[PDB]
$ cat input17.txt   # compact mmCIF, N, CA, C and O atoms and all ligand atoms
# COMPACT_ATOMS: atom_id res chain seq x y z
N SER A 1 -24.41 134.01 -31.44
CA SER A 1 -23.42 133.23 -32.27
C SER A 1 -22.34 134.19 -32.81
O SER A 1 -22.36 134.64 -33.98
N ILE A 2 -21.36 134.37 -31.93
CA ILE A 2 -20.25 135.30 -32.06
C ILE A 2 -19.08 135.00 -32.99
O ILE A 2 -18.40 135.92 -33.45
N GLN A 3 -18.80 133.74 -33.24
CA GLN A 3 -17.70 133.43 -34.13
C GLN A 3 -18.00 133.80 -35.55
O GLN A 3 -17.10 133.92 -36.36
N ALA A 4 -19.27 133.91 -35.86
CA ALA A 4 -19.67 134.26 -37.21
C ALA A 4 -19.27 135.73 -37.56
O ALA A 4 -19.07 136.09 -38.72
N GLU A 5 -19.09 136.54 -36.52
CA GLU A 5 -18.83 137.96 -36.67
C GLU A 5 -17.46 138.32 -37.18
O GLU A 5 -16.48 137.87 -36.66
N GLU A 6 -17.41 139.20 -38.19
CA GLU A 6 -16.16 139.64 -38.77
C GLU A 6 -15.28 140.48 -37.80
O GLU A 6 -14.06 140.56 -37.99
N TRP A 7 -15.89 141.12 -36.79
CA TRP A 7 -15.12 141.87 -35.80
C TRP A 7 -14.64 140.95 -34.67
O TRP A 7 -13.95 141.40 -33.76
N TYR A 8 -15.04 139.69 -34.72
CA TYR A 8 -14.60 138.74 -33.67
C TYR A 8 -13.34 138.03 -34.12
O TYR A 8 -13.39 137.18 -35.03
N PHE A 9 -12.24 138.33 -33.45
CA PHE A 9 -10.93 137.77 -33.79
C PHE A 9 -10.55 136.52 -32.99
O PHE A 9 -9.49 135.99 -33.23
N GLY A 10 -11.41 136.10 -32.07
CA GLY A 10 -11.18 134.89 -31.31
C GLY A 10 -9.92 134.88 -30.49
O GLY A 10 -9.55 135.88 -29.87
N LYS A 11 -9.19 133.77 -30.57
CA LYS A 11 -7.98 133.61 -29.77
C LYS A 11 -6.72 134.26 -30.35
O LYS A 11 -5.98 133.63 -31.12
N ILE A 12 -6.57 135.58 -30.11
CA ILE A 12 -5.38 136.35 -30.48
C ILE A 12 -4.94 137.04 -29.19
O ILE A 12 -5.74 137.23 -28.26
N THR A 13 -3.64 137.35 -29.11
CA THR A 13 -3.09 137.96 -27.89
C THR A 13 -3.35 139.49 -27.84
O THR A 13 -3.67 140.13 -28.86
N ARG A 14 -3.10 140.05 -26.66
CA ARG A 14 -3.15 141.49 -26.45
C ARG A 14 -2.15 142.14 -27.42
O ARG A 14 -2.49 143.11 -28.14
N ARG A 15 -0.92 141.60 -27.50
CA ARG A 15 0.10 142.20 -28.37
C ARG A 15 -0.29 142.19 -29.84
O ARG A 15 -0.05 143.17 -30.57
N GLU A 16 -0.92 141.09 -30.26
CA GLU A 16 -1.37 140.97 -31.63
C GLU A 16 -2.50 142.00 -31.93
O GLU A 16 -2.46 142.68 -32.97
N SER A 17 -3.44 142.15 -31.01
CA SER A 17 -4.52 143.13 -31.21
C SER A 17 -3.88 144.52 -31.33
O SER A 17 -4.33 145.35 -32.15
N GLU A 18 -2.86 144.79 -30.51
CA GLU A 18 -2.19 146.10 -30.61
C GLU A 18 -1.44 146.25 -31.94
O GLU A 18 -1.48 147.33 -32.53
N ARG A 19 -0.80 145.19 -32.44
CA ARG A 19 -0.09 145.28 -33.71
C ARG A 19 -1.09 145.68 -34.84
O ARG A 19 -0.80 146.52 -35.69
N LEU A 20 -2.24 145.02 -34.83
CA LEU A 20 -3.29 145.28 -35.81
C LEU A 20 -3.90 146.68 -35.65
O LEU A 20 -4.17 147.36 -36.63
N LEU A 21 -4.10 147.13 -34.43
CA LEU A 21 -4.76 148.41 -34.23
C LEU A 21 -3.88 149.64 -34.36
O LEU A 21 -4.35 150.74 -34.66
N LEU A 22 -2.59 149.44 -34.20
CA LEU A 22 -1.62 150.51 -34.29
C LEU A 22 -1.25 150.86 -35.72
O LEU A 22 -0.29 151.56 -35.96
N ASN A 23 -2.05 150.49 -36.69
CA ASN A 23 -1.75 150.84 -38.06
C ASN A 23 -2.12 152.31 -38.27
O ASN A 23 -3.24 152.74 -37.90
N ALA A 24 -1.17 153.11 -38.81
CA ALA A 24 -1.38 154.55 -39.07
C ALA A 24 -2.67 154.90 -39.83
O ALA A 24 -3.18 156.03 -39.70
N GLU A 25 -3.16 153.97 -40.63
CA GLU A 25 -4.38 154.18 -41.41
C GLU A 25 -5.64 154.10 -40.56
O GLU A 25 -6.71 154.51 -41.01
N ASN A 26 -5.54 153.53 -39.37
CA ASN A 26 -6.75 153.37 -38.56
C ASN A 26 -7.28 154.65 -37.90
O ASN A 26 -6.55 155.31 -37.21
N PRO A 27 -8.58 154.97 -38.09
CA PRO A 27 -9.14 156.18 -37.44
C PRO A 27 -9.51 155.79 -36.00
O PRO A 27 -9.52 154.59 -35.61
N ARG A 28 -9.85 156.79 -35.18
CA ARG A 28 -10.28 156.52 -33.83
C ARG A 28 -11.51 155.58 -33.80
O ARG A 28 -12.41 155.69 -34.65
N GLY A 29 -11.56 154.66 -32.83
CA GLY A 29 -12.70 153.77 -32.77
C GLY A 29 -12.56 152.52 -33.62
O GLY A 29 -13.53 151.72 -33.66
N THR A 30 -11.43 152.33 -34.33
CA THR A 30 -11.23 151.04 -35.03
C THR A 30 -11.17 149.97 -33.88
O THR A 30 -10.61 150.19 -32.80
N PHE A 31 -11.78 148.81 -34.10
CA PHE A 31 -11.87 147.87 -33.01
C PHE A 31 -11.94 146.40 -33.44
O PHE A 31 -12.16 146.05 -34.61
N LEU A 32 -11.85 145.55 -32.41
CA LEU A 32 -12.00 144.11 -32.60
C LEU A 32 -12.39 143.54 -31.23
O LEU A 32 -12.23 144.23 -30.20
N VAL A 33 -12.97 142.33 -31.24
CA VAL A 33 -13.30 141.63 -29.98
C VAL A 33 -12.49 140.33 -30.03
O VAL A 33 -12.39 139.70 -31.09
N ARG A 34 -11.84 140.00 -28.92
CA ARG A 34 -11.01 138.80 -28.86
C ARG A 34 -11.24 138.15 -27.50
O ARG A 34 -11.92 138.71 -26.63
N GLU A 35 -10.69 136.94 -27.32
CA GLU A 35 -10.77 136.30 -26.02
C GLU A 35 -9.80 137.03 -25.09
O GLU A 35 -8.77 137.61 -25.54
N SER A 36 -10.16 137.06 -23.81
CA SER A 36 -9.27 137.58 -22.78
C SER A 36 -8.09 136.54 -22.70
O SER A 36 -8.29 135.31 -22.90
N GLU A 37 -6.87 137.00 -22.45
CA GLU A 37 -5.76 136.04 -22.35
C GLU A 37 -5.87 135.17 -21.09
O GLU A 37 -5.62 133.94 -21.14
N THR A 38 -6.24 135.79 -19.96
CA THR A 38 -6.22 135.04 -18.72
C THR A 38 -7.51 134.92 -17.93
O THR A 38 -7.53 134.24 -16.89
N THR A 39 -8.57 135.62 -18.35
CA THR A 39 -9.88 135.52 -17.64
C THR A 39 -10.82 134.53 -18.41
O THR A 39 -11.37 134.85 -19.48
N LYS A 40 -10.96 133.31 -17.88
CA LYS A 40 -11.78 132.31 -18.57
C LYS A 40 -13.19 132.84 -18.75
O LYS A 40 -13.72 133.59 -17.91
N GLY A 41 -13.73 132.55 -19.93
CA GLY A 41 -15.07 132.95 -20.26
C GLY A 41 -15.29 134.44 -20.49
O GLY A 41 -16.45 134.82 -20.70
N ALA A 42 -14.22 135.26 -20.43
CA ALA A 42 -14.35 136.70 -20.67
C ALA A 42 -13.77 137.06 -22.04
O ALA A 42 -12.92 136.32 -22.58
N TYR A 43 -14.27 138.16 -22.61
CA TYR A 43 -13.79 138.67 -23.90
C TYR A 43 -13.13 140.02 -23.67
O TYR A 43 -13.16 140.55 -22.56
N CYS A 44 -12.51 140.55 -24.72
CA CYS A 44 -11.86 141.84 -24.61
C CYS A 44 -12.17 142.63 -25.88
O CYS A 44 -12.08 142.09 -26.97
N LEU A 45 -12.65 143.85 -25.68
CA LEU A 45 -12.93 144.79 -26.77
C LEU A 45 -11.68 145.69 -26.86
O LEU A 45 -11.40 146.45 -25.93
N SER A 46 -10.91 145.55 -27.95
CA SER A 46 -9.70 146.34 -28.13
C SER A 46 -10.04 147.46 -29.14
O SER A 46 -10.58 147.20 -30.24
N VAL A 47 -9.71 148.70 -28.74
CA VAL A 47 -10.11 149.89 -29.50
C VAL A 47 -8.97 150.86 -29.71
O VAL A 47 -8.21 151.14 -28.77
N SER A 48 -8.87 151.39 -30.93
CA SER A 48 -7.80 152.37 -31.22
C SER A 48 -8.32 153.76 -30.85
O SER A 48 -9.55 154.05 -30.93
N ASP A 49 -7.37 154.60 -30.41
CA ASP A 49 -7.61 156.00 -30.09
C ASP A 49 -6.47 156.82 -30.68
O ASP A 49 -5.45 156.28 -31.13
N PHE A 50 -6.69 158.12 -30.72
CA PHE A 50 -5.68 159.06 -31.21
C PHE A 50 -5.83 160.42 -30.51
O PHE A 50 -6.94 160.91 -30.34
N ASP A 51 -4.72 160.98 -30.06
CA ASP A 51 -4.71 162.36 -29.59
C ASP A 51 -3.31 162.91 -29.86
O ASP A 51 -2.40 162.17 -30.30
N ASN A 52 -3.21 164.24 -29.84
CA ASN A 52 -1.91 164.86 -30.07
C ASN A 52 -0.98 164.48 -28.89
O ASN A 52 0.21 164.21 -29.13
N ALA A 53 -1.56 164.26 -27.68
CA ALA A 53 -0.77 163.88 -26.48
C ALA A 53 -0.05 162.54 -26.69
O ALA A 53 1.19 162.49 -26.72
N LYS A 54 -0.81 161.50 -26.98
CA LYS A 54 -0.26 160.15 -27.16
C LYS A 54 -0.08 159.65 -28.60
O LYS A 54 0.58 158.64 -28.84
N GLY A 55 -0.73 160.31 -29.56
CA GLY A 55 -0.65 159.81 -30.92
C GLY A 55 -1.61 158.59 -30.95
O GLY A 55 -2.51 158.47 -30.13
N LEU A 56 -1.35 157.68 -31.87
CA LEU A 56 -2.20 156.49 -32.02
C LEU A 56 -1.91 155.53 -30.86
O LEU A 56 -0.76 155.22 -30.59
N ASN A 57 -2.97 155.04 -30.19
CA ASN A 57 -2.78 154.15 -29.06
C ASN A 57 -3.96 153.23 -28.93
O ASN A 57 -4.95 153.44 -29.61
N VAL A 58 -3.87 152.23 -28.04
CA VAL A 58 -4.92 151.22 -27.94
C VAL A 58 -5.40 151.02 -26.51
O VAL A 58 -4.60 151.06 -25.55
N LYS A 59 -6.72 150.85 -26.36
CA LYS A 59 -7.33 150.60 -25.05
C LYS A 59 -8.03 149.25 -25.09
O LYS A 59 -8.54 148.85 -26.14
N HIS A 60 -8.05 148.54 -23.95
CA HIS A 60 -8.69 147.20 -23.85
C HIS A 60 -9.76 147.26 -22.77
O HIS A 60 -9.52 147.78 -21.68
N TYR A 61 -10.95 146.74 -23.09
CA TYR A 61 -12.09 146.74 -22.16
C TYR A 61 -12.59 145.32 -22.00
O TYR A 61 -12.83 144.61 -22.99
N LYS A 62 -12.72 144.89 -20.76
CA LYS A 62 -13.16 143.54 -20.52
C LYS A 62 -14.68 143.39 -20.68
O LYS A 62 -15.43 144.16 -20.11
N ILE A 63 -15.09 142.38 -21.44
CA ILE A 63 -16.51 142.08 -21.61
C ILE A 63 -16.79 140.79 -20.82
O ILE A 63 -16.17 139.73 -21.08
N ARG A 64 -17.70 140.89 -19.84
CA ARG A 64 -18.12 139.77 -19.01
C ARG A 64 -19.39 139.18 -19.60
O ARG A 64 -20.20 139.85 -20.27
N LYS A 65 -19.53 137.88 -19.39
CA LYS A 65 -20.73 137.23 -19.86
C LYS A 65 -21.23 136.39 -18.70
O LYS A 65 -20.49 135.55 -18.15
N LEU A 66 -22.49 136.61 -18.35
CA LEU A 66 -23.12 135.88 -17.25
C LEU A 66 -23.77 134.56 -17.75
O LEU A 66 -24.18 134.45 -18.92
N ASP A 67 -23.85 133.56 -16.86
CA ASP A 67 -24.51 132.28 -17.20
C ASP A 67 -25.99 132.60 -17.35
O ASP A 67 -26.70 131.97 -18.16
N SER A 68 -26.43 133.61 -16.58
CA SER A 68 -27.78 134.20 -16.59
C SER A 68 -28.05 134.89 -17.96
O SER A 68 -29.13 135.46 -18.14
N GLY A 69 -27.02 135.02 -18.81
CA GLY A 69 -27.25 135.55 -20.13
C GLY A 69 -26.73 136.88 -20.61
O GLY A 69 -26.41 136.98 -21.80
N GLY A 70 -26.57 137.85 -19.73
CA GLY A 70 -26.12 139.16 -20.18
C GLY A 70 -24.64 139.33 -20.45
O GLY A 70 -23.83 138.60 -19.90
N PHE A 71 -24.34 140.20 -21.42
CA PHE A 71 -22.95 140.60 -21.78
C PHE A 71 -22.83 142.07 -21.36
O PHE A 71 -23.76 142.87 -21.54
N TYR A 72 -21.66 142.45 -20.86
CA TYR A 72 -21.47 143.83 -20.47
C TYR A 72 -20.00 144.14 -20.22
O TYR A 72 -19.21 143.22 -19.96
N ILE A 73 -19.71 145.45 -20.21
CA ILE A 73 -18.41 145.98 -19.83
C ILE A 73 -18.71 146.53 -18.41
O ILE A 73 -17.95 146.28 -17.46
N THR A 74 -19.79 147.33 -18.30
CA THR A 74 -20.23 147.83 -16.98
C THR A 74 -21.55 147.12 -16.67
O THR A 74 -22.43 147.03 -17.51
N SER A 75 -21.67 146.64 -15.44
CA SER A 75 -22.84 145.86 -15.05
C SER A 75 -24.13 146.65 -15.11
O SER A 75 -25.21 146.04 -15.18
N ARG A 76 -24.02 147.96 -15.09
CA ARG A 76 -25.21 148.80 -15.15
C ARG A 76 -25.82 148.79 -16.56
O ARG A 76 -27.01 149.12 -16.70
N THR A 77 -25.05 148.37 -17.57
CA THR A 77 -25.47 148.45 -18.97
C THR A 77 -25.18 147.12 -19.66
O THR A 77 -24.08 146.92 -20.21
N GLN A 78 -26.20 146.26 -19.67
CA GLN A 78 -26.08 144.90 -20.18
C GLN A 78 -26.83 144.66 -21.46
O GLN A 78 -27.81 145.41 -21.76
N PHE A 79 -26.38 143.63 -22.19
CA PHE A 79 -26.97 143.28 -23.49
C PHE A 79 -27.30 141.78 -23.59
O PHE A 79 -26.68 140.96 -22.89
N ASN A 80 -28.29 141.47 -24.42
CA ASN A 80 -28.72 140.09 -24.61
C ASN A 80 -27.72 139.34 -25.52
O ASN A 80 -27.73 138.11 -25.58
N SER A 81 -26.84 140.06 -26.21
CA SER A 81 -25.86 139.40 -27.09
C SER A 81 -24.66 140.31 -27.27
O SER A 81 -24.75 141.52 -27.05
N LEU A 82 -23.56 139.73 -27.72
CA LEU A 82 -22.34 140.47 -27.97
C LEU A 82 -22.58 141.44 -29.16
O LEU A 82 -22.08 142.57 -29.18
N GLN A 83 -23.36 140.99 -30.14
CA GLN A 83 -23.71 141.79 -31.31
C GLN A 83 -24.42 143.11 -30.88
O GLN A 83 -24.12 144.19 -31.36
N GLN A 84 -25.38 142.98 -29.95
CA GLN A 84 -26.11 144.15 -29.42
C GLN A 84 -25.19 145.08 -28.64
O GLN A 84 -25.35 146.31 -28.72
N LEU A 85 -24.20 144.52 -27.94
CA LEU A 85 -23.23 145.32 -27.18
C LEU A 85 -22.41 146.13 -28.17
O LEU A 85 -22.28 147.36 -28.05
N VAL A 86 -21.93 145.47 -29.21
CA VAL A 86 -21.15 146.17 -30.21
C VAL A 86 -22.00 147.28 -30.88
O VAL A 86 -21.51 148.41 -31.10
N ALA A 87 -23.27 146.98 -31.21
CA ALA A 87 -24.12 147.98 -31.87
C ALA A 87 -24.38 149.20 -30.94
O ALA A 87 -24.38 150.37 -31.38
N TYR A 88 -24.51 148.94 -29.66
CA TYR A 88 -24.74 150.04 -28.72
C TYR A 88 -23.51 150.97 -28.63
O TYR A 88 -23.65 152.19 -28.68
N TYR A 89 -22.32 150.37 -28.50
CA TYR A 89 -21.10 151.16 -28.38
C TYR A 89 -20.63 151.79 -29.68
O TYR A 89 -19.68 152.56 -29.71
N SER A 90 -21.34 151.47 -30.77
CA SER A 90 -21.07 152.11 -32.06
C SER A 90 -21.86 153.41 -32.09
O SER A 90 -21.65 154.25 -32.98
N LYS A 91 -22.78 153.60 -31.14
CA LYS A 91 -23.55 154.84 -31.06
C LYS A 91 -23.18 155.69 -29.84
O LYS A 91 -23.16 156.90 -29.92
N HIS A 92 -22.82 155.07 -28.74
CA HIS A 92 -22.49 155.76 -27.53
C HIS A 92 -21.06 155.54 -27.13
O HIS A 92 -20.63 154.39 -27.06
N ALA A 93 -20.31 156.61 -26.84
CA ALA A 93 -18.95 156.41 -26.35
C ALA A 93 -19.01 155.96 -24.89
O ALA A 93 -18.27 155.08 -24.48
N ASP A 94 -19.94 156.54 -24.12
CA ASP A 94 -20.07 156.29 -22.69
C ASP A 94 -18.68 156.43 -22.05
O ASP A 94 -18.06 157.48 -22.17
N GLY A 95 -18.19 155.37 -21.41
CA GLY A 95 -16.87 155.43 -20.80
C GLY A 95 -15.70 154.93 -21.68
O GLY A 95 -14.57 154.89 -21.18
N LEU A 96 -15.97 154.57 -22.93
CA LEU A 96 -14.92 154.12 -23.85
C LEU A 96 -14.10 155.30 -24.39
O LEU A 96 -14.55 156.42 -24.43
N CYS A 97 -12.91 155.01 -24.89
CA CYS A 97 -12.06 156.06 -25.42
C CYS A 97 -12.68 156.71 -26.66
O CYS A 97 -12.38 157.88 -26.97
N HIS A 98 -13.58 156.00 -27.34
CA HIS A 98 -14.21 156.51 -28.54
C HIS A 98 -15.34 155.56 -28.87
O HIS A 98 -15.30 154.37 -28.46
N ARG A 99 -16.37 156.04 -29.59
CA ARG A 99 -17.43 155.12 -30.00
C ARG A 99 -16.78 154.14 -31.03
O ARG A 99 -15.75 154.48 -31.69
N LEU A 100 -17.33 152.93 -31.15
CA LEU A 100 -16.81 151.97 -32.14
C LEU A 100 -17.18 152.46 -33.53
O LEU A 100 -18.36 152.75 -33.81
N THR A 101 -16.19 152.50 -34.41
CA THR A 101 -16.39 152.98 -35.77
C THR A 101 -16.24 151.95 -36.90
O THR A 101 -17.24 151.52 -37.51
N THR A 102 -15.03 151.44 -37.04
CA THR A 102 -14.69 150.56 -38.15
C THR A 102 -14.02 149.25 -37.62
O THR A 102 -13.28 149.29 -36.66
N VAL A 103 -14.37 148.11 -38.19
CA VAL A 103 -13.73 146.85 -37.80
C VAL A 103 -12.25 146.89 -38.24
O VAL A 103 -11.93 147.21 -39.38
N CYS A 104 -11.37 146.48 -37.34
CA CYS A 104 -9.96 146.46 -37.66
C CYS A 104 -9.60 145.61 -38.86
O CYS A 104 -10.01 144.46 -38.91
N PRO A 105 -8.90 146.19 -39.85
CA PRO A 105 -8.48 145.41 -41.03
C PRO A 105 -7.41 144.37 -40.54
O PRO A 105 -6.61 144.71 -39.61
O1 LIG B 1 -8.17 139.31 -19.27
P1 LIG B 1 -6.82 139.82 -18.96
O2 LIG B 1 -5.87 138.70 -19.32
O3 LIG B 1 -6.72 140.29 -17.60
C1 LIG B 1 -6.44 141.26 -20.09
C2 LIG B 1 -7.39 142.28 -20.14
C3 LIG B 1 -7.21 143.49 -19.42
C4 LIG B 1 -8.14 144.57 -19.64
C5 LIG B 1 -9.28 144.34 -20.44
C6 LIG B 1 -9.50 143.10 -21.06
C7 LIG B 1 -8.60 142.01 -20.90
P2 LIG B 1 -5.74 140.76 -21.63
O4 LIG B 1 -6.55 139.86 -22.39
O5 LIG B 1 -4.35 139.96 -21.19
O6 LIG B 1 -5.37 141.98 -22.40
$ encode --input "input17.txt" --output "structure tokens" --more "lines below"
Ligand SMILES: O=P(O)(O)C(c1ccccc1)P(=O)(O)O
Amino acid sequence: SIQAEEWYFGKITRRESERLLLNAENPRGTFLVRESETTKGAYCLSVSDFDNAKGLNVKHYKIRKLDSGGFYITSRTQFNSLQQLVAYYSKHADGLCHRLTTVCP
């Protein structure tokens, strides 16, 4: 039950997620989950990053959900819920630009 989640922003655009994440106050790993704009039934994990090369910037990762039940970004690493996916990526960066740290204000 994902809508209950404070990091779940629902139906907002890619541009809007970037407006929110590009705030100078945001540390690396600030994030939110939103609906994909054009992939039905898919979500998008939008995450802030920072480096001296690019400065503050944003990356988007597609989250797939199977009818069979699993949620994932990479099929090799699946979760029983979106909440568990978020908790896992708050500990492991794996292939993300940064581990998830703080919910986007
Ligand atoms: O789902 P798409 O529409 O292809 C798109 C997207 C691209 C990359 C990751 C997640 C979603 P966005 O939602 O338009 O940013």
$ atom_distance --input "input17.txt" --atom1 "atom N of residue 27 of chain A" --atom2 "atom C of residue 72 of chain A"
23.8 Å
$ residues_near_point --input "input17.txt" --point "(-7.5, 138.8, -28.4)" --cutoff "4.5 Å" --atoms "only N, CA, C and O atoms" --output "number ranges by chain"
A: 10, 12-13, 34-35
$ closest_residue --input "input17.txt" --among "A:56, A:96, A:85, A:4" --to "ligand LIG 1 (chain B)" --atoms "only C-alpha atoms and all ligand atoms"
A:96
$ closest_atom_pairs --input "input17.txt" --of "chain A" --to "ligand LIG 1 (chain B)" --cutoff "6 Å" --atoms "all atoms listed in the file" --output "CSV"
residue,atom,partner,partner_atom,distance
A:14,CA,B:LIG1,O6,4.6
A:35,O,B:LIG1,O4,4.5
A:36,CA,B:LIG1,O4,3.6
A:37,N,B:LIG1,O4,2.9
A:38,N,B:LIG1,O2,3.0
A:39,N,B:LIG1,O1,3.8
A:43,O,B:LIG1,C6,4.7
A:44,CA,B:LIG1,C6,4.4
A:45,N,B:LIG1,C6,5.6
A:60,O,B:LIG1,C5,3.7
A:61,C,B:LIG1,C5,3.8
A:62,N,B:LIG1,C5,3.5
A:63,N,B:LIG1,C6,5.6
$ residues_near_point --input "input17.txt" --point "(-5.0, 150.4, -30.1)" --cutoff "6 Å" --atoms "only C-alpha atoms" --output "PyMOL selection string"
chain A and resi 18+21-22+47-48+57-59
$ decode --input "input17.txt" --residues "segment 12-28 of chain A" --atoms "N, CA, C and O atoms" --output "short mmCIF file (atom, residue, chain, number, x, y, z; two decimals), in the first residue's frame"
data_model
loop_
_atom_site.label_atom_id
_atom_site.label_comp_id
_atom_site.auth_asym_id
_atom_site.auth_seq_id
_atom_site.Cartn_x
_atom_site.Cartn_y
_atom_site.Cartn_z
N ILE A 12 3.19 12.97 -10.74
CA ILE A 12 3.93 14.22 -10.99
C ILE A 12 4.83 13.92 -12.18
O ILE A 12 5.15 12.76 -12.46
N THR A 13 5.19 14.98 -12.92
CA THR A 13 6.01 14.81 -14.12
C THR A 13 7.52 14.67 -13.78
O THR A 13 7.97 15.01 -12.67
N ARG A 14 8.28 14.26 -14.80
CA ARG A 14 9.72 14.20 -14.72
C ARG A 14 10.24 15.62 -14.38
O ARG A 14 11.06 15.79 -13.44
N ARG A 15 9.73 16.64 -15.08
CA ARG A 15 10.21 18.01 -14.84
C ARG A 15 9.94 18.50 -13.42
O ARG A 15 10.79 19.16 -12.80
N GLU A 16 8.77 18.12 -12.90
CA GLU A 16 8.41 18.50 -11.55
C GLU A 16 9.34 17.80 -10.52
O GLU A 16 9.84 18.45 -9.58
N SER A 17 9.61 16.52 -10.73
CA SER A 17 10.52 15.80 -9.81
C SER A 17 11.88 16.49 -9.85
O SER A 17 12.55 16.62 -8.80
N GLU A 18 12.32 16.90 -11.04
CA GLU A 18 13.61 17.60 -11.14
C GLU A 18 13.56 18.97 -10.44
O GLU A 18 14.52 19.34 -9.77
N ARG A 19 12.45 19.71 -10.55
CA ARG A 19 12.35 21.00 -9.89
C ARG A 19 12.52 20.82 -8.35
O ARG A 19 13.23 21.59 -7.69
N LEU A 20 11.84 19.81 -7.82
CA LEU A 20 11.90 19.50 -6.40
C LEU A 20 13.29 19.00 -5.97
O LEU A 20 13.79 19.36 -4.92
N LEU A 21 13.93 18.19 -6.79
CA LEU A 21 15.21 17.61 -6.39
C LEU A 21 16.43 18.50 -6.58
O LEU A 21 17.45 18.35 -5.90
N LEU A 22 16.29 19.48 -7.46
CA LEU A 22 17.36 20.40 -7.76
C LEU A 22 17.48 21.53 -6.74
O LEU A 22 18.16 22.50 -6.96
N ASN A 23 16.93 21.37 -5.56
CA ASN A 23 17.06 22.39 -4.55
C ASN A 23 18.47 22.30 -3.95
O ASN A 23 18.91 21.20 -3.56
N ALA A 24 19.19 23.45 -3.91
CA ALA A 24 20.56 23.51 -3.36
C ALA A 24 20.74 22.88 -1.97
O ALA A 24 21.85 22.45 -1.62
N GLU A 25 19.67 22.85 -1.19
CA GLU A 25 19.72 22.28 0.16
C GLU A 25 19.73 20.76 0.15
O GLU A 25 20.04 20.14 1.18
N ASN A 26 19.38 20.15 -0.96
CA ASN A 26 19.32 18.68 -0.98
C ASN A 26 20.67 17.97 -1.03
O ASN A 26 21.46 18.24 -1.89
N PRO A 27 20.92 17.01 -0.10
CA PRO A 27 22.20 16.27 -0.13
C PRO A 27 22.05 15.14 -1.17
O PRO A 27 20.92 14.84 -1.66
N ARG A 28 23.16 14.47 -1.49
CA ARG A 28 23.10 13.35 -2.40
C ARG A 28 22.15 12.25 -1.89
O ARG A 28 22.08 11.98 -0.68
#
